[PDB]
$ cat structure_15.cif   # mmCIF, C-alpha atoms
data_protein
#
loop_
_atom_site.label_atom_id
_atom_site.label_comp_id
_atom_site.auth_asym_id
_atom_site.auth_seq_id
_atom_site.Cartn_x
_atom_site.Cartn_y
_atom_site.Cartn_z
CA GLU A 1 135.91 137.05 98.00
CA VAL A 2 134.27 138.32 101.18
CA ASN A 3 135.40 141.15 103.44
CA UNK A 4 132.70 141.27 106.09
CA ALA A 5 132.33 145.52 110.38
CA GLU A 6 133.54 149.12 110.26
CA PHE A 7 133.68 150.81 113.65
CA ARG B 1 136.77 112.30 120.73
CA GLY B 2 133.36 112.93 119.18
CA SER B 3 132.19 115.23 121.93
CA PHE B 4 129.53 117.05 119.86
CA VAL B 5 128.40 114.80 117.00
CA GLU B 6 125.16 116.65 116.26
CA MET B 7 127.14 119.79 115.39
CA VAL B 8 130.12 118.32 113.54
CA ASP B 9 129.94 119.08 109.78
CA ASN B 10 127.19 121.69 110.12
CA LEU B 11 128.83 124.23 107.79
CA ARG B 12 129.03 124.69 104.03
CA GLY B 13 130.80 127.07 101.65
CA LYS B 14 134.36 128.28 101.12
CA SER B 15 136.89 131.03 101.79
CA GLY B 16 135.87 132.97 98.70
CA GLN B 17 132.14 133.18 99.41
CA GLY B 18 131.99 132.40 103.12
CA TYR B 19 130.98 129.54 105.39
CA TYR B 20 127.38 129.30 106.56
CA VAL B 21 125.26 127.33 109.00
CA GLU B 22 121.59 126.44 108.81
CA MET B 23 119.23 128.39 111.05
CA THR B 24 115.50 128.81 111.55
CA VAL B 25 113.74 132.00 112.55
CA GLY B 26 110.09 132.55 113.42
CA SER B 27 107.03 130.45 114.15
CA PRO B 28 106.49 128.33 112.17
CA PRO B 29 110.27 127.99 111.72
CA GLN B 30 111.64 129.54 108.53
CA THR B 31 114.86 127.91 107.32
CA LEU B 32 117.73 130.17 106.24
CA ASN B 33 121.44 129.77 105.53
CA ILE B 34 123.45 132.13 107.72
CA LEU B 35 127.01 133.25 107.08
CA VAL B 36 129.17 132.75 110.16
CA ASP B 37 131.00 136.05 110.74
CA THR B 38 133.23 136.63 113.79
CA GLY B 39 134.14 140.02 112.34
CA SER B 40 130.82 141.65 113.23
CA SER B 41 128.14 141.65 115.92
CA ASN B 42 124.82 141.93 114.08
CA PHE B 43 122.40 139.14 113.24
CA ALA B 44 120.67 140.13 110.00
CA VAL B 45 118.80 138.38 107.22
CA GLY B 46 117.38 139.25 103.82
CA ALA B 47 113.74 140.19 104.34
CA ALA B 48 112.78 141.00 100.75
CA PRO B 49 113.16 139.43 97.27
CA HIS B 50 116.69 139.76 95.92
CA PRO B 51 118.19 138.46 92.65
CA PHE B 52 120.87 136.61 94.65
CA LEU B 53 118.50 135.15 97.22
CA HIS B 54 116.47 131.99 96.75
CA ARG B 55 114.63 132.66 100.01
CA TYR B 56 114.29 135.24 102.78
CA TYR B 57 112.79 136.08 106.17
CA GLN B 58 109.07 136.85 106.13
CA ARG B 59 108.07 138.64 109.34
CA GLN B 60 104.38 138.79 108.45
CA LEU B 61 104.33 134.98 108.59
CA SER B 62 105.93 134.67 112.03
CA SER B 63 103.46 134.66 114.91
CA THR B 64 106.32 135.32 117.34
CA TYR B 65 107.79 138.26 115.44
CA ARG B 66 108.27 141.51 117.40
CA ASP B 67 108.73 144.93 115.79
CA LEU B 68 111.24 147.21 117.53
CA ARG B 69 110.30 150.20 115.34
CA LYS B 70 113.94 151.10 114.74
CA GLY B 71 116.14 151.33 111.67
CA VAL B 72 119.70 150.07 111.46
CA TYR B 73 122.62 150.50 109.07
CA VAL B 74 125.66 148.23 108.96
CA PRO B 75 128.71 148.84 106.74
CA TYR B 76 131.56 146.34 106.43
CA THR B 77 135.07 146.54 104.96
CA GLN B 78 133.30 145.50 101.79
CA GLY B 79 129.54 145.72 101.45
CA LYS B 80 126.71 147.19 103.48
CA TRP B 81 122.99 146.99 104.21
CA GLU B 82 120.07 148.80 105.81
CA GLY B 83 117.17 147.14 107.57
CA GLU B 84 114.56 147.11 110.30
CA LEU B 85 115.16 145.83 113.84
CA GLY B 86 112.98 143.28 115.59
CA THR B 87 113.15 140.08 117.64
CA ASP B 88 111.91 136.56 117.06
CA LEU B 89 112.48 132.97 118.12
CA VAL B 90 115.62 131.45 116.64
CA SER B 91 117.08 127.94 116.46
CA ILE B 92 120.01 126.06 114.98
CA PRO B 93 118.92 122.67 113.55
CA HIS B 94 122.43 121.23 113.79
CA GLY B 95 123.42 122.80 117.10
CA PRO B 96 122.30 122.83 120.76
CA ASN B 97 118.67 121.79 121.28
CA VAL B 98 117.32 125.16 122.38
CA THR B 99 115.34 128.10 121.06
CA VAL B 100 116.03 131.69 122.00
CA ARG B 101 114.53 135.10 121.26
CA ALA B 102 117.19 137.20 119.58
CA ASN B 103 117.52 140.56 117.92
CA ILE B 104 117.17 140.24 114.15
CA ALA B 105 117.83 142.88 111.53
CA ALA B 106 115.51 142.42 108.56
CA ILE B 107 117.59 143.58 105.61
CA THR B 108 115.45 145.76 103.32
CA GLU B 109 118.29 147.41 101.35
CA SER B 110 121.83 146.27 100.49
CA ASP B 111 124.83 146.95 98.26
CA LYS B 112 127.58 144.43 97.46
CA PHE B 113 126.58 142.40 100.50
CA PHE B 114 124.92 139.25 99.17
CA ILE B 115 127.03 136.99 96.95
CA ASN B 116 125.50 135.31 93.92
CA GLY B 117 125.85 131.55 94.33
CA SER B 118 127.06 131.72 97.95
CA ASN B 119 123.79 130.11 99.04
CA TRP B 120 123.51 132.16 102.26
CA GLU B 121 120.76 134.74 102.89
CA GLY B 122 121.80 136.28 106.19
CA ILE B 123 124.72 136.82 108.55
CA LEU B 124 125.56 135.82 112.12
CA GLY B 125 127.79 138.40 113.79
CA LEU B 126 129.51 136.45 116.55
CA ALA B 127 131.59 139.36 117.90
CA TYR B 128 130.80 141.58 120.91
CA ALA B 129 128.19 144.30 121.54
CA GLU B 130 130.87 147.01 121.47
CA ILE B 131 130.77 147.11 117.66
CA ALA B 132 127.06 146.39 117.26
CA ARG B 133 124.79 148.70 115.27
CA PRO B 134 123.12 150.95 115.98
CA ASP B 135 124.79 150.70 119.40
CA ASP B 136 126.01 148.36 122.15
CA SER B 137 122.52 148.16 123.65
CA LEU B 138 121.54 145.73 120.87
CA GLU B 139 122.41 142.37 122.41
CA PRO B 140 124.32 140.15 119.94
CA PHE B 141 123.02 136.65 119.18
CA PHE B 142 125.57 134.56 121.09
CA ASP B 143 125.00 136.74 124.16
CA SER B 144 121.24 136.16 124.03
CA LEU B 145 122.07 132.48 123.60
CA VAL B 146 124.22 132.28 126.75
CA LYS B 147 121.91 134.41 128.91
CA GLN B 148 118.83 132.37 128.00
CA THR B 149 120.30 128.86 127.99
CA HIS B 150 122.84 126.68 129.76
CA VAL B 151 125.17 126.61 126.75
CA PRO B 152 128.75 127.42 127.83
CA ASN B 153 130.02 130.87 126.80
CA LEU B 154 132.22 129.42 124.07
CA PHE B 155 132.26 128.25 120.45
CA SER B 156 134.84 126.78 118.07
CA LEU B 157 135.16 126.85 114.30
CA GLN B 158 136.61 124.37 111.83
CA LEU B 159 136.54 125.86 108.33
CA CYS B 160 137.59 123.27 105.76
CA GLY B 161 139.07 124.51 102.49
CA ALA B 162 138.81 121.84 99.79
CA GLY B 163 142.23 122.49 98.28
CA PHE B 164 140.72 122.65 94.79
CA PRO B 165 137.85 124.59 93.15
CA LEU B 166 134.27 123.61 93.95
CA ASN B 167 131.50 124.15 91.43
CA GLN B 168 128.05 125.34 92.52
CA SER B 169 126.49 121.89 92.89
CA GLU B 170 129.40 120.40 94.82
CA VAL B 171 129.79 123.33 97.22
CA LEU B 172 126.15 122.68 98.10
CA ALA B 173 126.80 118.95 98.37
CA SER B 174 130.08 119.01 100.33
CA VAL B 175 130.70 119.56 104.03
CA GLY B 176 132.48 122.84 104.61
CA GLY B 177 133.30 122.31 108.27
CA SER B 178 131.96 122.46 111.81
CA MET B 179 130.84 125.18 114.19
CA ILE B 180 130.75 123.64 117.65
CA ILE B 181 128.53 125.78 119.87
CA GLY B 182 129.23 125.61 123.58
CA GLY B 183 132.19 123.26 123.32
CA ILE B 184 135.33 121.83 121.76
CA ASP B 185 135.28 118.63 119.69
CA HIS B 186 138.58 116.75 119.86
CA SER B 187 138.08 114.97 116.53
CA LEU B 188 138.52 118.26 114.67
CA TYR B 189 142.21 118.69 115.47
CA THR B 190 145.56 117.10 116.31
CA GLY B 191 148.32 118.20 118.66
CA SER B 192 147.78 120.61 121.50
CA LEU B 193 145.65 123.73 121.69
CA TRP B 194 147.54 126.97 122.36
CA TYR B 195 145.72 130.07 123.60
CA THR B 196 146.27 133.74 122.93
CA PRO B 197 144.48 136.40 125.00
CA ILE B 198 141.60 138.41 123.57
CA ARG B 199 143.09 141.88 124.06
CA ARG B 200 139.69 143.55 124.21
CA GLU B 201 136.09 142.44 123.78
CA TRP B 202 134.71 144.11 120.64
CA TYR B 203 136.19 142.40 117.58
CA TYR B 204 138.00 139.18 118.39
CA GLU B 205 141.27 141.08 118.79
CA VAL B 206 144.63 139.42 119.41
CA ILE B 207 148.27 140.52 119.39
CA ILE B 208 150.86 139.27 116.89
CA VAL B 209 154.38 139.57 118.32
CA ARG B 210 156.56 138.22 115.51
CA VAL B 211 156.38 137.21 111.86
CA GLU B 212 158.55 134.77 109.88
CA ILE B 213 158.69 133.80 106.22
CA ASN B 214 160.35 130.38 105.93
CA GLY B 215 162.03 130.89 109.31
CA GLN B 216 163.23 134.37 108.38
CA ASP B 217 162.17 137.14 110.77
CA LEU B 218 160.29 139.86 108.90
CA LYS B 219 162.02 141.89 111.60
CA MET B 220 159.54 144.76 111.90
CA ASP B 221 158.57 146.65 115.05
CA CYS B 222 155.84 144.33 116.31
CA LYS B 223 153.48 147.31 116.62
CA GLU B 224 153.32 147.35 112.82
CA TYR B 225 151.87 143.84 112.88
CA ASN B 226 148.92 145.17 114.88
CA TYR B 227 148.38 148.59 113.33
CA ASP B 228 145.78 149.51 114.12
CA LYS B 229 144.44 146.17 115.36
CA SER B 230 144.56 142.44 114.64
CA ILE B 231 141.40 140.36 114.52
CA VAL B 232 140.21 136.88 113.62
CA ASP B 233 137.38 136.97 111.09
CA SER B 234 135.75 133.97 109.47
CA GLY B 235 133.96 136.50 107.29
CA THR B 236 137.11 137.70 105.53
CA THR B 237 138.62 135.53 102.79
CA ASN B 238 142.27 136.60 102.77
CA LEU B 239 144.92 137.12 105.38
CA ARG B 240 144.99 140.91 105.28
CA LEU B 241 147.96 142.91 106.54
CA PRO B 242 148.56 146.62 107.14
CA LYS B 243 150.27 148.28 104.15
CA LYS B 244 153.84 148.34 105.47
CA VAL B 245 153.68 144.76 106.71
CA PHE B 246 152.12 143.66 103.41
CA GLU B 247 154.91 145.27 101.41
CA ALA B 248 157.64 143.62 103.50
CA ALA B 249 155.94 140.22 103.53
CA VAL B 250 155.39 140.20 99.76
CA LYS B 251 158.98 141.24 99.20
CA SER B 252 160.05 138.29 101.36
CA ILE B 253 157.57 135.83 99.84
CA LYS B 254 158.80 136.90 96.38
CA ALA B 255 162.44 136.34 97.33
CA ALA B 256 161.73 132.85 98.69
CA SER B 257 159.91 131.82 95.52
CA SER B 258 162.24 133.62 93.09
CA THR B 259 162.87 130.43 91.08
CA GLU B 260 159.65 131.40 89.32
CA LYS B 261 158.51 134.92 88.51
CA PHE B 262 154.87 135.96 88.75
CA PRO B 263 153.03 139.02 87.40
CA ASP B 264 152.15 141.90 89.72
CA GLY B 265 148.47 141.17 89.21
CA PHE B 266 149.08 137.89 91.00
CA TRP B 267 150.71 139.48 94.06
CA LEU B 268 147.92 142.07 94.09
CA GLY B 269 145.44 139.23 94.51
CA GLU B 270 143.75 140.33 91.30
CA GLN B 271 144.84 137.64 88.88
CA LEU B 272 145.33 133.91 89.06
CA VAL B 273 148.22 131.71 87.98
CA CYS B 274 147.81 128.20 86.65
CA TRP B 275 149.94 125.09 86.43
CA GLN B 276 149.53 121.80 84.60
CA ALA B 277 147.31 119.35 86.49
CA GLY B 278 148.94 118.29 89.76
CA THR B 279 152.20 120.20 89.25
CA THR B 280 151.64 123.15 91.59
CA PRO B 281 155.23 123.76 92.88
CA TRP B 282 154.24 124.07 96.55
CA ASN B 283 157.81 123.56 97.79
CA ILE B 284 159.00 126.80 96.17
CA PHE B 285 156.57 128.83 98.28
CA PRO B 286 157.45 129.52 101.93
CA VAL B 287 155.51 128.69 105.04
CA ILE B 288 154.32 131.67 107.06
CA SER B 289 154.47 131.78 110.85
CA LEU B 290 152.55 134.21 113.01
CA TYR B 291 153.60 134.33 116.64
CA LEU B 292 150.84 135.24 119.06
CA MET B 293 151.01 136.52 122.64
CA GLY B 294 150.71 133.62 125.08
CA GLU B 295 148.74 133.27 128.33
CA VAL B 296 151.91 133.02 130.43
CA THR B 297 154.15 136.05 130.95
CA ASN B 298 156.84 136.51 128.28
CA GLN B 299 155.62 133.36 126.57
CA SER B 300 154.42 133.05 122.99
CA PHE B 301 153.54 130.39 120.44
CA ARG B 302 153.23 130.30 116.69
CA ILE B 303 150.86 129.14 113.99
CA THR B 304 152.35 128.21 110.63
CA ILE B 305 150.49 128.05 107.34
CA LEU B 306 151.53 126.57 104.01
CA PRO B 307 151.02 127.93 100.49
CA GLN B 308 148.15 125.43 100.38
CA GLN B 309 146.44 127.91 102.70
CA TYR B 310 147.39 131.32 101.31
CA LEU B 311 147.03 130.31 97.67
CA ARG B 312 143.26 130.15 97.11
CA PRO B 313 141.97 127.62 94.55
CA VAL B 314 139.87 129.07 91.71
CA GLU B 315 138.55 127.45 88.53
CA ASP B 316 140.43 128.46 85.38
CA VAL B 317 138.78 130.87 82.96
CA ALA B 318 138.77 128.27 80.18
CA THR B 319 137.60 125.62 82.67
CA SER B 320 140.80 123.70 81.84
CA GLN B 321 142.34 120.79 83.73
CA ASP B 322 144.95 123.14 85.17
CA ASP B 323 145.17 123.87 88.88
CA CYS B 324 144.82 127.62 89.32
CA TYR B 325 145.03 129.83 92.39
CA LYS B 326 144.98 133.42 93.63
CA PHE B 327 147.28 135.05 96.17
CA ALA B 328 145.01 135.12 99.24
CA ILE B 329 147.08 137.71 101.13
CA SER B 330 146.28 141.39 100.64
CA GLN B 331 146.80 144.92 101.87
CA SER B 332 144.70 146.43 104.65
CA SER B 333 144.20 149.93 106.00
CA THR B 334 142.30 148.77 109.08
CA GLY B 335 144.83 146.43 110.66
CA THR B 336 145.48 142.72 110.32
CA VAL B 337 142.68 140.29 109.54
CA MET B 338 143.30 136.59 109.99
CA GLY B 339 140.62 135.42 107.59
CA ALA B 340 139.25 132.14 106.26
CA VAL B 341 142.47 131.05 104.55
CA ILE B 342 144.37 131.37 107.83
CA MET B 343 141.53 129.69 109.75
CA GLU B 344 141.26 126.84 107.24
CA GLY B 345 144.58 125.67 108.61
CA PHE B 346 143.43 125.44 112.22
CA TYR B 347 140.69 124.59 114.68
CA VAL B 348 139.99 127.94 116.33
CA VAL B 349 138.37 128.08 119.76
CA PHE B 350 136.68 131.31 120.78
CA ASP B 351 136.79 130.98 124.57
CA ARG B 352 134.66 134.00 125.48
CA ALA B 353 134.37 132.63 129.02
CA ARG B 354 138.11 132.74 129.62
CA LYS B 355 138.58 135.70 127.25
CA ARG B 356 141.03 133.83 125.02
CA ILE B 357 141.36 132.34 121.56
CA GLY B 358 142.93 128.95 121.03
CA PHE B 359 144.53 127.49 117.92
CA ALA B 360 145.30 123.90 116.95
CA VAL B 361 146.26 122.09 113.75
CA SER B 362 143.05 121.36 111.86
CA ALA B 363 142.25 117.73 111.10
CA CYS B 364 141.02 118.97 107.71
CA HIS B 365 143.79 121.36 106.66
CA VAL B 366 145.26 120.91 103.18
CA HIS B 367 148.93 119.93 102.88
CA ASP B 368 151.40 117.67 101.04
CA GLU B 369 153.69 114.78 102.01
CA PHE B 370 156.56 117.11 103.01
CA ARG B 371 154.97 119.82 105.18
CA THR B 372 151.93 120.37 107.37
CA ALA B 373 150.43 123.40 109.09
CA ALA B 374 151.54 123.76 112.69
CA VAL B 375 151.00 125.25 116.13
CA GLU B 376 154.05 125.21 118.36
CA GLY B 377 155.51 126.67 121.52
CA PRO B 378 156.38 127.98 123.98
CA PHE B 379 158.78 130.75 122.98
CA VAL B 380 160.38 133.28 125.29
CA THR B 381 159.25 136.70 124.09
CA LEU B 382 159.59 139.99 125.96
CA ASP B 383 157.48 143.17 126.02
CA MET B 384 154.58 141.66 124.08
CA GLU B 385 152.06 144.08 125.60
CA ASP B 386 153.94 146.77 123.65
CA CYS B 387 153.11 145.06 120.35
CA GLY B 388 149.55 146.26 120.87
CA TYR B 389 148.66 149.54 119.19
CA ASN B 390 147.07 152.37 121.18
#
$ encode --input "structure_15.cif" --output "structure tokens"
Amino acid sequence: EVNXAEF
Amino acid sequence: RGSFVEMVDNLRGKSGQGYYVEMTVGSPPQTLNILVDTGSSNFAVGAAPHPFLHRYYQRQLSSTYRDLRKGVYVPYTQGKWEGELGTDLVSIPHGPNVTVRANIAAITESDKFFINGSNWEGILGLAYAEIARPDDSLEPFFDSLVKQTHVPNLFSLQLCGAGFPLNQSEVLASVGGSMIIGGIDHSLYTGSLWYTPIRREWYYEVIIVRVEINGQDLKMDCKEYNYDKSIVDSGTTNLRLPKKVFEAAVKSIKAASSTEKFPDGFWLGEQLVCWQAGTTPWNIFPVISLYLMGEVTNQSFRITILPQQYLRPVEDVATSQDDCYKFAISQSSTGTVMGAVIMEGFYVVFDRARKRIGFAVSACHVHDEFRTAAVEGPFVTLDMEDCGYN
């Protein structure tokens, strides 16, 4: 799976 | 109708590995497959040999390449990379007929970012500057696109989940959907389009005001549904929910499907469950409805997905003839994330111009002869602004 941004 | 034929069917991939579009960077043009990610704002591509990359960006071969002499680091919920900033001419073969100079991060280092077999070598952050690295001064791709061309400030996505596992060769051979840049193609959906306001321009943030499992109100303080935010991200596979919401929803989804018992590993999205060919008991699983704040005061609408959306198809270990899936709904500590599996059920319109996001039943969503995904309204709902977390 993909878990794309941290802010 | 077929408003934008040249862009229809320009995507490939799936919820598990991501959907990507073909792009070219540099002069002469260098072709690269770029993951479409509305959950970030940086345009970056592999710039050095990597075991999971068949190709990559080669700056020293681009006559139009420009070095910005600045490093950049970008971490995601899962995965991260480091690279060097620069600009170059970019184009989208199956998109508007224009070429623009955009910021490009040449990825020189990465960890758990690239996916083996995904077939994409870069990423297209379609979100706003606010969350761009290293800072908001780095103009995101779509922005450069609108400023430099006459393409409307809008794009729509149609991610098509196959409904069954796709092996390497077929994922590469099949059409994974359409990314319509600058418009809305009417052949990609049925019914009407309902819009929810973009609460704030950084991530594509929206507000969920109510949740139902097979008609039953989860009945939680709507703030929980958006703690600490709720975004739409084509780059996330599952529908992710904040801990408390996840626990309540799973408890409800378990009660509705109690005629069959499943192991905890299944509900934790870690292990799959299989059924004899063609016997997946869809009807025992509930539909899930997410109500979203409407454009009109005290008005809301809802999007409803079927288990055919939240149960992600995966090939069985023993490559049997069984139909196997994984629970594509998981916990989150950074708010709700309406990912690919949620999007696969609808045609989503990112109306940046009118600061709103529209949803409509996807002409390619998977269903059965008894139920279909849906988008309905309007519903009288009060104090929706309060559902937003501060």
$ residues_around --input "structure_15.cif" --residues "residue 312 in chain B" --least-positions-apart "2" --cutoff "10 Å" --atoms "only C-alpha atoms" --output "mmCIF file with C-alpha atoms, keeping the file's coordinate frame"
data_model
loop_
_atom_site.group_PDB
_atom_site.id
_atom_site.type_symbol
_atom_site.label_atom_id
_atom_site.label_comp_id
_atom_site.auth_asym_id
_atom_site.auth_seq_id
_atom_site.Cartn_x
_atom_site.Cartn_y
_atom_site.Cartn_z
ATOM 1 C CA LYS B 14 134.360 128.280 101.120
ATOM 2 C CA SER B 15 136.890 131.030 101.790
ATOM 3 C CA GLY B 16 135.870 132.970 98.700
ATOM 4 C CA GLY B 161 139.070 124.510 102.490
ATOM 5 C CA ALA B 162 138.810 121.840 99.790
ATOM 6 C CA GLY B 163 142.230 122.490 98.280
ATOM 7 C CA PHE B 164 140.720 122.650 94.790
ATOM 8 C CA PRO B 165 137.850 124.590 93.150
ATOM 9 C CA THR B 237 138.620 135.530 102.790
ATOM 10 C CA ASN B 238 142.270 136.600 102.770
ATOM 11 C CA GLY B 269 145.440 139.230 94.510
ATOM 12 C CA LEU B 272 145.330 133.910 89.060
ATOM 13 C CA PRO B 307 151.020 127.930 100.490
ATOM 14 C CA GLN B 308 148.150 125.430 100.380
ATOM 15 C CA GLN B 309 146.440 127.910 102.700
ATOM 16 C CA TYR B 310 147.390 131.320 101.310
ATOM 17 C CA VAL B 314 139.870 129.070 91.710
ATOM 18 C CA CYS B 324 144.820 127.620 89.320
ATOM 19 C CA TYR B 325 145.030 129.830 92.390
ATOM 20 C CA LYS B 326 144.980 133.420 93.630
ATOM 21 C CA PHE B 327 147.280 135.050 96.170
ATOM 22 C CA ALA B 328 145.010 135.120 99.240
ATOM 23 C CA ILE B 329 147.080 137.710 101.130
ATOM 24 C CA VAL B 341 142.470 131.050 104.550
#
$ resolve_selection --input "structure_15.cif" --expression "the PyMOL selection byres ((chain A and resi 5) around 12)" --output "number ranges by chain"
A: 2-4, 6-7; B: 37-42, 73-81, 113, 123-133, 202-204, 231, 233, 235-236, 334, 337
$ atom_distance --input "structure_15.cif" --atom1 "CA of residue 365 in chain B" --atom2 "CA of residue 208 in chain B"
21.8 Å
$ resolve_selection --input "structure_15.cif" --expression "the PyMOL selection byres ((chain B and resi 363) around 8)" --output "number ranges by chain"
B: 187-190, 346-347, 361-362, 364-365
$ residues_around --input "structure_15.cif" --residues "residue 10 in chain B" --least-positions-apart "6" --cutoff "10 Å" --atoms "only C-alpha atoms" --output "PyMOL selection string"
chain B and resi 19-22+92-95+158+175-180
$ write_last_selection --input "structure_15.cif" --atoms "C-alpha atoms" --output "compact mmCIF listing (two decimals), in the coordinates of the input"
# COMPACT_ATOMS: atom_id res chain seq x y z
CA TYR B 19 130.98 129.54 105.39
CA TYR B 20 127.38 129.30 106.56
CA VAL B 21 125.26 127.33 109.00
CA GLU B 22 121.59 126.44 108.81
CA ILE B 92 120.01 126.06 114.98
CA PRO B 93 118.92 122.67 113.55
CA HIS B 94 122.43 121.23 113.79
CA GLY B 95 123.42 122.80 117.10
CA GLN B 158 136.61 124.37 111.83
CA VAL B 175 130.70 119.56 104.03
CA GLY B 176 132.48 122.84 104.61
CA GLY B 177 133.30 122.31 108.27
CA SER B 178 131.96 122.46 111.81
CA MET B 179 130.84 125.18 114.19
CA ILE B 180 130.75 123.64 117.65
$ closest_residue --input "structure_15.cif" --among "B:350, B:151, B:120, B:376" --to "residue 98 in chain B" --atoms "all atoms listed in the file"
B:151
$ resolve_selection --input "structure_15.cif" --expression "the PyMOL selection byres ((chain B and resi 284-299) around 8)" --output "ChimeraX atom specification"
/B:194-197,206-215,253,256-257,259,281-283,300-307,378-384
